[PDB]
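**Student:** File query_15.txt below, compact mmCIF, N, CA and C atoms:
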```txt
# COMPACT_ATOMS: atom_id res chain seq x y z
N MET A 1 -157.46 120.91 -135.79
CA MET A 1 -157.44 119.45 -136.04
C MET A 1 -156.46 119.08 -137.17
N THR A 2 -155.40 118.36 -136.82
CA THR A 2 -154.39 117.92 -137.81
C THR A 2 -154.65 116.47 -138.25
N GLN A 3 -153.79 115.95 -139.13
CA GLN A 3 -153.91 114.56 -139.59
C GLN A 3 -152.69 113.73 -139.20
N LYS A 4 -152.92 112.55 -138.62
CA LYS A 4 -151.83 111.64 -138.25
C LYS A 4 -151.04 111.17 -139.48
N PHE A 5 -151.69 111.24 -140.65
CA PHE A 5 -151.02 110.99 -141.93
C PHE A 5 -151.08 112.24 -142.82
N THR A 6 -149.91 112.82 -143.10
CA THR A 6 -149.82 114.03 -143.92
C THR A 6 -148.94 113.82 -145.16
N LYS A 7 -149.08 114.70 -146.14
CA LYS A 7 -148.28 114.62 -147.37
C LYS A 7 -146.80 114.93 -147.10
N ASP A 8 -146.55 115.62 -145.98
CA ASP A 8 -145.20 116.06 -145.62
C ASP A 8 -144.34 114.91 -145.04
N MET A 9 -144.98 113.97 -144.35
CA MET A 9 -144.26 112.87 -143.69
C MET A 9 -143.79 111.81 -144.71
N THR A 10 -142.79 111.02 -144.32
CA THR A 10 -142.20 110.01 -145.22
C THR A 10 -142.96 108.68 -145.17
N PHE A 11 -142.79 107.86 -146.22
CA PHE A 11 -143.40 106.53 -146.27
C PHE A 11 -142.96 105.66 -145.08
N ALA A 12 -141.66 105.71 -144.75
CA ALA A 12 -141.11 104.92 -143.64
C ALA A 12 -141.82 105.23 -142.31
N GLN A 13 -142.10 106.51 -142.08
CA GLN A 13 -142.81 106.93 -140.86
C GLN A 13 -144.28 106.46 -140.88
N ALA A 14 -144.94 106.59 -142.03
CA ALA A 14 -146.33 106.15 -142.19
C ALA A 14 -146.49 104.65 -141.88
N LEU A 15 -145.62 103.83 -142.48
CA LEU A 15 -145.63 102.37 -142.27
C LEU A 15 -145.49 102.01 -140.78
N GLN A 16 -144.60 102.72 -140.08
CA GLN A 16 -144.36 102.46 -138.65
C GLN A 16 -145.45 103.08 -137.76
N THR A 17 -146.33 103.89 -138.35
CA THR A 17 -147.46 104.48 -137.62
C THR A 17 -148.67 103.52 -137.61
N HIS A 18 -148.93 102.88 -138.76
CA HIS A 18 -149.97 101.85 -138.87
C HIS A 18 -149.59 100.80 -139.93
N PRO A 19 -149.38 99.53 -139.52
CA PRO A 19 -149.02 98.44 -140.47
C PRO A 19 -150.01 98.32 -141.65
N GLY A 20 -151.28 98.63 -141.40
CA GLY A 20 -152.30 98.59 -142.46
C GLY A 20 -152.01 99.53 -143.63
N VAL A 21 -151.18 100.54 -143.38
CA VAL A 21 -150.76 101.48 -144.42
C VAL A 21 -150.05 100.75 -145.58
N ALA A 22 -149.28 99.71 -145.25
CA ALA A 22 -148.58 98.91 -146.26
C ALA A 22 -149.57 98.33 -147.28
N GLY A 23 -150.67 97.76 -146.79
CA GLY A 23 -151.70 97.22 -147.68
C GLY A 23 -152.31 98.28 -148.59
N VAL A 24 -152.64 99.43 -148.01
CA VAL A 24 -153.19 100.56 -148.78
C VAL A 24 -152.20 101.02 -149.87
N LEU A 25 -150.95 101.26 -149.48
CA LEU A 25 -149.91 101.70 -150.42
C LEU A 25 -149.72 100.68 -151.56
N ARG A 26 -149.56 99.40 -151.22
CA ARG A 26 -149.38 98.36 -152.24
C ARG A 26 -150.60 98.28 -153.18
N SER A 27 -151.80 98.47 -152.62
CA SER A 27 -153.03 98.53 -153.43
C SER A 27 -153.03 99.75 -154.35
N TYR A 28 -152.38 100.83 -153.91
CA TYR A 28 -152.27 102.07 -154.69
C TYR A 28 -150.99 102.11 -155.53
N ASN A 29 -150.39 100.94 -155.80
CA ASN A 29 -149.18 100.85 -156.64
C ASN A 29 -147.94 101.48 -155.96
N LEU A 30 -148.10 101.92 -154.71
CA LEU A 30 -147.00 102.53 -153.95
C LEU A 30 -146.21 101.48 -153.15
N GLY A 31 -146.40 100.20 -153.46
CA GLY A 31 -145.67 99.15 -152.77
C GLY A 31 -144.18 99.14 -153.11
N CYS A 32 -143.85 99.62 -154.31
CA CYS A 32 -142.46 99.67 -154.79
C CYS A 32 -141.57 100.61 -153.96
N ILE A 33 -142.17 101.35 -153.01
CA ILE A 33 -141.42 102.31 -152.18
C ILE A 33 -140.22 101.67 -151.46
N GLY A 34 -140.34 100.38 -151.13
CA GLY A 34 -139.24 99.67 -150.49
C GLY A 34 -138.07 99.42 -151.44
N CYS A 35 -138.37 99.12 -152.70
CA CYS A 35 -137.34 98.83 -153.70
C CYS A 35 -136.67 100.12 -154.21
N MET A 36 -137.47 101.08 -154.65
CA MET A 36 -136.95 102.36 -155.18
C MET A 36 -136.32 103.23 -154.07
N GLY A 37 -136.37 102.76 -152.82
CA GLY A 37 -135.78 103.51 -151.71
C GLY A 37 -136.57 104.75 -151.32
N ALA A 38 -137.88 104.73 -151.57
CA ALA A 38 -138.75 105.87 -151.26
C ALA A 38 -139.15 105.91 -149.77
N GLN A 39 -138.52 105.06 -148.96
CA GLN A 39 -138.79 105.03 -147.52
C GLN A 39 -138.51 106.40 -146.88
N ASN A 40 -137.41 107.03 -147.30
CA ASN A 40 -137.00 108.34 -146.77
C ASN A 40 -137.66 109.50 -147.55
N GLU A 41 -138.66 109.17 -148.36
CA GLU A 41 -139.32 110.16 -149.22
C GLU A 41 -140.75 110.47 -148.72
N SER A 42 -141.19 111.72 -148.89
CA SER A 42 -142.52 112.15 -148.44
C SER A 42 -143.65 111.52 -149.27
N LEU A 43 -144.81 111.32 -148.64
CA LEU A 43 -145.96 110.66 -149.29
C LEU A 43 -146.34 111.32 -150.62
N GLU A 44 -146.39 112.66 -150.64
CA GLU A 44 -146.78 113.39 -151.86
C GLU A 44 -145.77 113.19 -153.00
N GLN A 45 -144.49 113.09 -152.66
CA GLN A 45 -143.43 112.91 -153.66
C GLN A 45 -143.59 111.56 -154.40
N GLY A 46 -143.74 110.49 -153.63
CA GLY A 46 -143.98 109.17 -154.22
C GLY A 46 -145.31 109.08 -154.96
N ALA A 47 -146.32 109.78 -154.44
CA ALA A 47 -147.65 109.82 -155.07
C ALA A 47 -147.58 110.35 -156.51
N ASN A 48 -147.09 111.58 -156.68
CA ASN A 48 -146.95 112.18 -158.01
C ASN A 48 -146.03 111.34 -158.92
N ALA A 49 -145.00 110.73 -158.33
CA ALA A 49 -144.10 109.83 -159.07
C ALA A 49 -144.86 108.65 -159.69
N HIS A 50 -145.92 108.20 -159.01
CA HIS A 50 -146.76 107.10 -159.51
C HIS A 50 -148.07 107.64 -160.13
N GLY A 51 -148.13 108.96 -160.34
CA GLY A 51 -149.28 109.58 -160.99
C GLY A 51 -150.57 109.54 -160.17
N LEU A 52 -150.44 109.70 -158.85
CA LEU A 52 -151.59 109.69 -157.95
C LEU A 52 -151.71 111.01 -157.17
N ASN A 53 -152.89 111.28 -156.62
CA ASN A 53 -153.09 112.46 -155.78
C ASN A 53 -153.01 112.07 -154.30
N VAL A 54 -152.11 112.73 -153.57
CA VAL A 54 -151.87 112.40 -152.16
C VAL A 54 -153.14 112.60 -151.30
N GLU A 55 -154.04 113.48 -151.75
CA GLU A 55 -155.29 113.75 -151.02
C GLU A 55 -156.10 112.47 -150.79
N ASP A 56 -156.34 111.72 -151.86
CA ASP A 56 -157.10 110.46 -151.79
C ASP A 56 -156.38 109.43 -150.91
N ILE A 57 -155.05 109.44 -150.98
CA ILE A 57 -154.22 108.53 -150.17
C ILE A 57 -154.38 108.84 -148.67
N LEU A 58 -154.18 110.11 -148.30
CA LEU A 58 -154.32 110.56 -146.91
C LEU A 58 -155.73 110.26 -146.38
N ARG A 59 -156.73 110.39 -147.25
CA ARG A 59 -158.11 110.06 -146.90
C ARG A 59 -158.23 108.65 -146.31
N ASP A 60 -157.76 107.65 -147.06
CA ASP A 60 -157.90 106.25 -146.66
C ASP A 60 -156.94 105.89 -145.50
N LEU A 61 -155.74 106.47 -145.53
CA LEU A 61 -154.74 106.25 -144.46
C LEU A 61 -155.25 106.76 -143.10
N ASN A 62 -155.76 107.99 -143.08
CA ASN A 62 -156.32 108.58 -141.86
C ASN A 62 -157.52 107.76 -141.35
N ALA A 63 -158.24 107.13 -142.27
CA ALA A 63 -159.34 106.23 -141.91
C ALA A 63 -158.83 105.02 -141.11
N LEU A 64 -157.58 104.62 -141.36
CA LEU A 64 -156.93 103.55 -140.58
C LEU A 64 -156.68 104.00 -139.13
N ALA A 65 -156.56 105.31 -138.93
CA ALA A 65 -156.35 105.87 -137.59
C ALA A 65 -157.67 105.95 -136.81
N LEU A 66 -158.75 106.32 -137.50
CA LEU A 66 -160.08 106.41 -136.89
C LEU A 66 -160.64 105.02 -136.56
N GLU A 67 -160.57 104.11 -137.53
CA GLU A 67 -160.99 102.70 -137.34
C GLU A 67 -162.51 102.53 -137.13
N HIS A 68 -163.27 103.63 -137.16
CA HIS A 68 -164.72 103.57 -136.91
C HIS A 68 -165.48 103.07 -138.15
N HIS A 69 -164.93 103.33 -139.33
CA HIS A 69 -165.55 102.88 -140.59
C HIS A 69 -165.38 101.36 -140.79
N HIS A 70 -166.50 100.64 -140.91
CA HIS A 70 -166.46 99.19 -141.16
C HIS A 70 -166.71 98.89 -142.64
N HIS A 71 -165.81 98.13 -143.26
CA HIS A 71 -165.91 97.82 -144.70
C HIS A 71 -167.00 96.77 -144.98
N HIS A 72 -167.53 96.15 -143.92
CA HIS A 72 -168.59 95.15 -144.06
C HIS A 72 -169.66 95.33 -142.97
N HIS A 73 -170.92 95.36 -143.38
CA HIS A 73 -172.06 95.51 -142.45
C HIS A 73 -172.51 94.14 -141.88
```
Turn this file's structure into structure tokens for me.

**Tutor:**
Amino acid sequence: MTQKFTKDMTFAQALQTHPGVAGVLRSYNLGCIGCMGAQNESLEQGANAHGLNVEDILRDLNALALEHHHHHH
């Protein structure tokens, strides 16, 4: 079992995989990826650059792929 969102893939690919990723990234201070040109950069690279752990990021991003988790009951 692999992950549709991995630390190896680039921000540009993630955004084009699920538009909701943009909201997650911007919420995680990773919104600047468009300005700093981190589009061609891997998720883990931008993560450490902003002092974050890619593990927690992949967690919430992959949740966008499953869609089974509801944020409101």

**Student:** Could you list, as a ChimeraX atom specification, every residue within 9 Å of stretch 32-49 of chain A, counting only C-alpha atoms and ignoring same-chain residues fewer than 4 positions away?

**Tutor:** /A:5-14,25-26,53-55,57-58

**Student:** Can I get the selected residues back with N, CA and C atoms, as a PDB file, in the frame of the given file?

**Tutor:**
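Just written: again.pdb:
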```pdb
ATOM      1  N   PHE A   5    -151.690 111.240-140.650  1.00  0.00           N
ATOM      2  CA  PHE A   5    -151.020 110.990-141.930  1.00  0.00           C
ATOM      3  C   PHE A   5    -151.080 112.240-142.820  1.00  0.00           C
ATOM      4  N   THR A   6    -149.910 112.820-143.100  1.00  0.00           N
ATOM      5  CA  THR A   6    -149.820 114.030-143.920  1.00  0.00           C
ATOM      6  C   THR A   6    -148.940 113.820-145.160  1.00  0.00           C
ATOM      7  N   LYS A   7    -149.080 114.700-146.140  1.00  0.00           N
ATOM      8  CA  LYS A   7    -148.280 114.620-147.370  1.00  0.00           C
ATOM      9  C   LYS A   7    -146.800 114.930-147.100  1.00  0.00           C
ATOM     10  N   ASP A   8    -146.550 115.620-145.980  1.00  0.00           N
ATOM     11  CA  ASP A   8    -145.200 116.060-145.620  1.00  0.00           C
ATOM     12  C   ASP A   8    -144.340 114.910-145.040  1.00  0.00           C
ATOM     13  N   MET A   9    -144.980 113.970-144.350  1.00  0.00           N
ATOM     14  CA  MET A   9    -144.260 112.870-143.690  1.00  0.00           C
ATOM     15  C   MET A   9    -143.790 111.810-144.710  1.00  0.00           C
ATOM     16  N   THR A  10    -142.790 111.020-144.320  1.00  0.00           N
ATOM     17  CA  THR A  10    -142.200 110.010-145.220  1.00  0.00           C
ATOM     18  C   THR A  10    -142.960 108.680-145.170  1.00  0.00           C
ATOM     19  N   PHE A  11    -142.790 107.860-146.220  1.00  0.00           N
ATOM     20  CA  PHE A  11    -143.400 106.530-146.270  1.00  0.00           C
ATOM     21  C   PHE A  11    -142.960 105.660-145.080  1.00  0.00           C
ATOM     22  N   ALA A  12    -141.660 105.710-144.750  1.00  0.00           N
ATOM     23  CA  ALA A  12    -141.110 104.920-143.640  1.00  0.00           C
ATOM     24  C   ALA A  12    -141.820 105.230-142.310  1.00  0.00           C
ATOM     25  N   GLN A  13    -142.100 106.510-142.080  1.00  0.00           N
ATOM     26  CA  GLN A  13    -142.810 106.930-140.860  1.00  0.00           C
ATOM     27  C   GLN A  13    -144.280 106.460-140.880  1.00  0.00           C
ATOM     28  N   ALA A  14    -144.940 106.590-142.030  1.00  0.00           N
ATOM     29  CA  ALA A  14    -146.330 106.150-142.190  1.00  0.00           C
ATOM     30  C   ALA A  14    -146.490 104.650-141.880  1.00  0.00           C
ATOM     31  N   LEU A  25    -150.950 101.260-149.480  1.00  0.00           N
ATOM     32  CA  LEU A  25    -149.910 101.700-150.420  1.00  0.00           C
ATOM     33  C   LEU A  25    -149.720 100.680-151.560  1.00  0.00           C
ATOM     34  N   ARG A  26    -149.560  99.400-151.220  1.00  0.00           N
ATOM     35  CA  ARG A  26    -149.380  98.360-152.240  1.00  0.00           C
ATOM     36  C   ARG A  26    -150.600  98.280-153.180  1.00  0.00           C
ATOM     37  N   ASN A  53    -152.890 111.280-156.620  1.00  0.00           N
ATOM     38  CA  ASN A  53    -153.090 112.460-155.780  1.00  0.00           C
ATOM     39  C   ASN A  53    -153.010 112.070-154.300  1.00  0.00           C
ATOM     40  N   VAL A  54    -152.110 112.730-153.570  1.00  0.00           N
ATOM     41  CA  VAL A  54    -151.870 112.400-152.160  1.00  0.00           C
ATOM     42  C   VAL A  54    -153.140 112.600-151.300  1.00  0.00           C
ATOM     43  N   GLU A  55    -154.040 113.480-151.750  1.00  0.00           N
ATOM     44  CA  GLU A  55    -155.290 113.750-151.020  1.00  0.00           C
ATOM     45  C   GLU A  55    -156.100 112.470-150.790  1.00  0.00           C
ATOM     46  N   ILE A  57    -155.050 109.440-150.980  1.00  0.00           N
ATOM     47  CA  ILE A  57    -154.220 108.530-150.170  1.00  0.00           C
ATOM     48  C   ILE A  57    -154.380 108.840-148.670  1.00  0.00           C
ATOM     49  N   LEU A  58    -154.180 110.110-148.300  1.00  0.00           N
ATOM     50  CA  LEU A  58    -154.320 110.560-146.910  1.00  0.00           C
ATOM     51  C   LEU A  58    -155.730 110.260-146.380  1.00  0.00           C
TER      52      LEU A  58
END
```

**Student:** Edge lengths and centre in Å to one decimal, as lines of an AutoDock Vina configuration file, is what I'm after for the box along x, y and z that holds all listed atoms of stretch 56-67 of chain A once 4 Å is added on each side.

**Tutor:**
```
center_x = -158.3
center_y = 107.1
center_z = -144.2
size_x = 16.3
size_y = 17.2
size_z = 23.3
```

**Student:** What does the structure give for the distance between atom N of residue A:19 and atom N of residue A:56, in Å to one decimal?

**Tutor:**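 Atom-to-atom, atom N of residue A:19 to atom N of residue A:56, that is 18.7 Å.
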
**Student:** Which one is closest to residue A:28: A:1, A:65, A:15, A:52? Count only N, CA and C atoms.

**Tutor:**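 Smallest distance to residue A:28 is found for A:52.
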
**Student:** Work out how far apart atom CA of residue A:18 and atom C of residue A:66 are and give it in Å to one decimal.

**Tutor:** 11.4 Å

**Student:** To one decimal in Å, tell me the separation between atom CA of residue A:64 and atom C of residue A:17.

**Tutor:**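 Computing the Euclidean distance for atom CA of residue A:64 and atom C of residue A:17 yields 8.8 Å.
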